[PDB]
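Quick notes on the structure that follows.
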Amino acid sequence: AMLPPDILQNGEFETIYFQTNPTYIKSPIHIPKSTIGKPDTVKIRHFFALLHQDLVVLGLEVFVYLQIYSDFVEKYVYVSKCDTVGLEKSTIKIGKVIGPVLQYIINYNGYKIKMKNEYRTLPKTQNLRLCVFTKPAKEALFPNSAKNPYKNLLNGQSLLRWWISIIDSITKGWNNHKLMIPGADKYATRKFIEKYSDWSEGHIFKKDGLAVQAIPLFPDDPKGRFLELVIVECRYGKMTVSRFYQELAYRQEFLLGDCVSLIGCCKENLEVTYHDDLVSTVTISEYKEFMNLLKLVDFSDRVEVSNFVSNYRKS
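Letter by letter, the sequence shown follows residues 0 to 116, 161 to 358 in PDB author numbering.
Next comes the structure, spelled out in C-alpha cells:
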C-alpha cells in the first residue's frame with residue numbers, strides 16, 4: 000500500500016494514482032547497433048496527487064524505464080515533476096507523502112508488459172537507478188500556484204537538502220548515492236552530504252566513452268536539454284562523458300540557476316518477484332489528456348481546482 004493510515008485518515012485525504020499502459024520505446028541511452036543482444040525498453044508513466052476534500056494538495060510524476068536484457072533488467076526511475084498547491088494551510092509534511100509514494104513507485108513490479116512484436164515475463168534480476176534533479180521552480184506542475192498563501196517555495200540549497208533527506212530514507216542499503224552540483228566546487232558539494240555516510244560526489248553513469256552512450260535523455264530534465272543539443276548538433280560522436288559534465292556547468296540553466304543539482308542512486312543485483320497489484324492504468328492519450336487539462340487549471344482558484352478534481356472523479 001502506498002500511504003500509511005495516519006496520512007490518509009480513512010478518507011480525510013484521497014489519492015489520485017494511475018499508470019500508463021507499459022509502452023515500448025527507443026532506449027533513452029543510445030545503444031550502438033554493434034551491441035550483442037540490445038535491450039528492449041519499456042516506459043511507464045506514474046502520476047500521483049494527494050487530495051484534501053476537493054482540492055489538490057501536491058503532485059508527483061515519475062517515469063520508469065525498464066531496459067530488458069535476457070537475464071536482467073536495468074530499471075531507471077526518473078522523477079519528472081514534484082509540486083505543491085498551497086491553497087490550504089499545510090497539515091502533513093510533504094516529505095512524509097513523497098517519500099513513501101516514490102518508494103512505492105521504485106519497488107512496483109506489477110507491470111503488464113505485452114510481448115514485443161499474453162504478457163512478457165521480466166528477468167528476476169533488477170539493477171535499480173534512481174535519477175532526480177533538484178531545481179527551484181515556482182510552478183513545475185500547478186499553474187499559478189506560486190502566489191498561493193500557503194505554498195512554501197524552497198530556495199535551491201534548501202530544496203536540495205530536502206531531496207537528499209527523502210532519497211536517503213528510501214535507498215537504505217543501496218550500492219551508491221551520488222550528488223553533483225554542476226559548477227560548484229567539490230567542497231561546497233561535499234557539505235550537503237557530510238552527514239550522509241553513503242553519499243559521494245559524482246554521478247551514477249558510465250564514466251568513460253561518449254556521453255550519449257552513457258547518460259539517459261529524460262524528458263524535461265536539465266541534463267537532457269544539453270544532451271538534446273549535443274544530438275541535434277550531431278556532436279554525439281565526439282562529446283565524452285567527462286566533457287559533457289564539464290560543459291553542463293556552463294549552460295544557462297545551471298550557471299544562472301539556484302543550486303541546480305543532479306542526484307543518482309543505484310542498487311545492483313536485486314532479486315525481485317513479479318507481483319500483480321491492480322492499479323488504474325490508462326492509455327498514453329488518456330494520460331496526456333489529463334496532464335493537458337491540468338495545464339489549463341488556475342491553481343490559485345479553488346473553484347477551478349475543485350472542478351478539475353470532480354471532473355476526474357466523474358470519469
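Even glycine gets a Cβ: it sits at the ideal position worked out from N, Cα and C.
With respect to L59, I91 sits apart: the two C-beta atoms are not nearer than 8 Å. For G307, the uninterrupted beta strand (DSSP E) run begins and ends at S304 to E314, by DSSP. The beta carbon of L291 is closer than 7 Å to those of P225, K266, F269 and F297 in its chain, skipping five residues each way along the sequence. Closest in C-alpha terms to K250, from the list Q289, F261 and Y330, comes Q289.
For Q169, the enclosing beta strand (DSSP E) begins and ends at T168 to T177. Leaving aside the five residues that flank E314 on each side, the residues in its chain whose CB is nearer than 7 Å to its CB run, in chain order, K167 and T168. In the same chain as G199, and ignoring 5 residues on each side of it, the C-beta atoms closer than 8 Å to its own belong to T177, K178, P179, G300, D301, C302, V303 and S304, in chain order. By the CB criterion at 8 Å, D39 and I67 fall inside the cutoff.
Residues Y317 of the same chain have their beta carbon placed closer than 8 Å to that of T164, with the five preceding and five following residues left out of the count.
The criterion of a C-beta distance shorter than 8 Å is not satisfied by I210 and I93.
Taking 8 Å as the cut-off, the beta carbon of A254 is found no closer than this to the beta carbon of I28.
Distance check between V41 and each of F185, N9, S33 and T19 places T19 closest, using alpha-carbon atoms only.
In the structure shown, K266 falls within a helical segment according to DSSP collapsed to helix, strand and coil. In the DSSP assignment, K215 falls outside any alpha helix (DSSP H), carrying neither H nor E.
In the structure shown, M223 adopts extended strand secondary structure according to DSSP, grouped into three states.
Taking the C-beta atoms as reference points, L184 is found no nearer than 8 Å to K95. Judged by DSSP in its simplified three-state form, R163 adopts coil rather than helix or strand. With a threshold of 16 other beta carbon atoms within 10 Å, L321 falls short and is exposed.
Shown here, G58 sits in a strand according to DSSP, grouped into three states.
Per the coordinates, the alpha-carbon of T14 lies some 16 Å from the alpha-carbon of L337. At the C-beta level, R204 and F235 come within 8 Å of one another. Taken through DSSP and simplified to helix, strand or coil, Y288 comes out as helix. Leaving aside the five residues that flank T232 on each side, the residues in its chain whose CB is nearer than 8 Å to its CB run, in chain order, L222, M223, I224 and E244. Here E73 is buried, its C-beta having at least 16 other C-beta atoms within 10 Å.
In the DSSP assignment, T14 forms a beta bridge with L49.
If you draw a straight line from the Cα of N170 to the Cα of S353, it is about 40 Å long.
Excluding the 5 residues flanking it on each side, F261 has same chain C-beta neighbours closer than 6 Å at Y77 and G267, in chain order.
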